[PDB]
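Have a look at the structure below, then the notes.
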Amino acid sequence: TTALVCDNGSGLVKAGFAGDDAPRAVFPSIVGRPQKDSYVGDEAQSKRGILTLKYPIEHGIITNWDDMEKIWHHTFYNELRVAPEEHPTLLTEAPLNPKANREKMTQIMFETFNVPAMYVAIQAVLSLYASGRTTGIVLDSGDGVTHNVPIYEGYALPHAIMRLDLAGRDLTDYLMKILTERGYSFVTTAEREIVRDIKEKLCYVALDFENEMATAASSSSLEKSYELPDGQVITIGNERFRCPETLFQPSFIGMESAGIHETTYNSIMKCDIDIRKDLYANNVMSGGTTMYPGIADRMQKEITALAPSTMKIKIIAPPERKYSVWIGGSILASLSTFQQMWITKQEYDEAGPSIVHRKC
Ligand SMILES: COc1ccc([C@H]2OC[C@H](C)[C@@H]([C@@H](C)[C@@H](OC)[C@@H](C)/C=C/C(=O)[C@H](C)[C@@H](C/C=C/N(C)C=O)OC)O2)cc1
Ligand SMILES: Nc1ncnc2c1ncn2[C@@H]1O[C@H](COP(=O)(O)OP(=O)(O)O)[C@@H](O)[C@H]1O
Ligand SMILES: [Ca+2]
């Protein structure tokens, strides 16, 4: 029977059937409760006023299992409209996901949803498979968290994994702030959803930050107009490139951590010397926050400036990197040499949660 692929994202839940072109269902990772006892996804925030909203998978890691259970329950019956007892289910997890976490991910799958078989894959790793690589370093920047994950011979290197608590969610908020400072007023939650659309449609990464700031202070060639739903037309200037700039300079929002370019460098320099030249030549971009135009040219420039001059440096930004993680799981599930890595109902009834250390 057709396997299931569910990418448990920090902001969006990508779910669908293994072997498909794209995930059939994409919805918010939010659980709302004060007509019913709970809501999940779009309608959870449509009625955000009467409910209490929950981000159980924010920052990449699942923290609440009652809410998560509601998200998975929403995925199976309401979105994909399948019987979880009739489908092997591949789950995804954030890098550096603790052991007891994937144990509990597995327990809930069998004891509560009764899956025939399941598996938990690291998100960044799947994105690499989707590119056609078993070796390389992935920059996974989603909604709630950004990870740098070096992968060698098809296996991620935990000690060199970098975690940056800065992603598109922080950027959206940042874009509201600086747009409000200019003279507008985007404060409400409904206005947040509007600003996020501006971010995805008009923002871009500046090749050189200061030079772009100068073109903005002296001309209006960088300015773009944006029509609000109520017909009102607003104008965005340097906020276009100042927004994603936070990924390289987290200090703009008080975050005293290294940028995505530096965390990439630091990640590689934690790996064994012999494979570093391979990581440099295979920098894969993953997640929606890496969708900014010009982010690859900026990454190319900054990594080069940090690395030896003799170093060959390549940046890979796939056009479908919004759904890289899910696609990677779709091919993994359909892979013949992977079938023996499933954890079956029988296997779990015999061993317990202790078996996920043997397969995952
Ligand atoms: C969607 O477009 C495409 C994407 C990729 C490819 C294809 O390109 C050539 C690649 C050698 C190939 C590889 C990378 C993929 O196979 C389809 C990928 C699924 C293979 C992964 C593995 O072999 C690993 C090492 C093993 C074990 C898994 C370890 N794990 C999950 C650790 O976390 O899985 C059987 O993938 C072809 C088309
Ligand atoms: N074209 C785009 N430009 C910039 N950001 C985008 C674009 N498309 C989506 N995003 C951002 O990507 C984030 C979604 O990332 P995602 O891959 O779902 O990560 P996660 O699975 O952790 O939520 C959202 O915060 C969204 O604002
Ligand atoms: Ca993700």
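Basis: the model, the stated rules and, where named, an outside source; no laboratory instrument gave them. Neighbour counts are summed over all protein chains in view; Cβ atoms, including those assigned to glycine, are modelled from backbone coordinates with ideal geometry.
Here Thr215 meets each of (1) in a helix (DSSP H, G or I); (2) within 27 Å of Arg321 (Cβ to Cβ) with one exception, condition (2).
If you go through the stretch 132-184 and keep only what is part of a helix (DSSP H, G or I), of a type in the set (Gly, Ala, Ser) and surrounded by fewer than 22 Cβ atoms within 10 Å (Cβ to Cβ), you end up with just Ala160.
For the stretch 36-61, how many residues meet the condition of being out of contact with any strand residue (DSSP E or B) (no Cβ under 7 Å at 6 or more places or on another chain) and either at negative phi or in the same structural domain as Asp140 (by CATH) (or both)? The qualifying residues number 9. Number of residues in the stretch 7-39 that are surrounded by 15 or more Cβ atoms within 10 Å (Cβ to Cβ) and within 16 Å of ligand 1 (Cβ to nearest atom): the value is 7. Would you call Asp42 exposed (fewer than 15 other Cβ atoms within 10 Å of the Cβ), within 16 Å of ligand 2 (Cβ to nearest atom) and farther than 21 Å from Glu111 by Cβ? Judged against the criteria, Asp42 is a match. The residue list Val233, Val195, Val205, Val187 contains one member that is among the hydrophobic types (A, V, I, L, M, F, W, C), more than 25 Å from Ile268 (Cα to Cα) and under 21 Å from the mean Cα position of the chain (by Cα), which is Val195. Just name the residue that is nearest to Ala124 (Cα to Cα) out of those in the stretch 147-181 that are more than 16 Å from ligand 1 (Cβ to nearest atom) and among the charged types (D, E, K, R). My answer is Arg163.
One residue stands out among those in the stretch 275-291 that are within 16 Å of ligand 3 (Cβ to nearest atom) and surrounded by fewer than 23 Cβ atoms within 10 Å (Cβ to Cβ): the one that is farthest from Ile303 (Cα to Cα), which is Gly288. Is it the case that some residue within the stretch 92-105 is under 22 Å from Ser354 (Cβ atoms), within 15 Å of ligand 2 (Cβ to nearest atom), assigned to a strand (DSSP E or B) and within 20 Å of the chain's Cα centre (by Cα)? Yes, the stretch 92-105 contains a residue that is under 22 Å from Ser354 (Cβ atoms), within 15 Å of ligand 2 (Cβ to nearest atom), assigned to a strand (DSSP E or B) and within 20 Å of the chain's Cα centre (by Cα).
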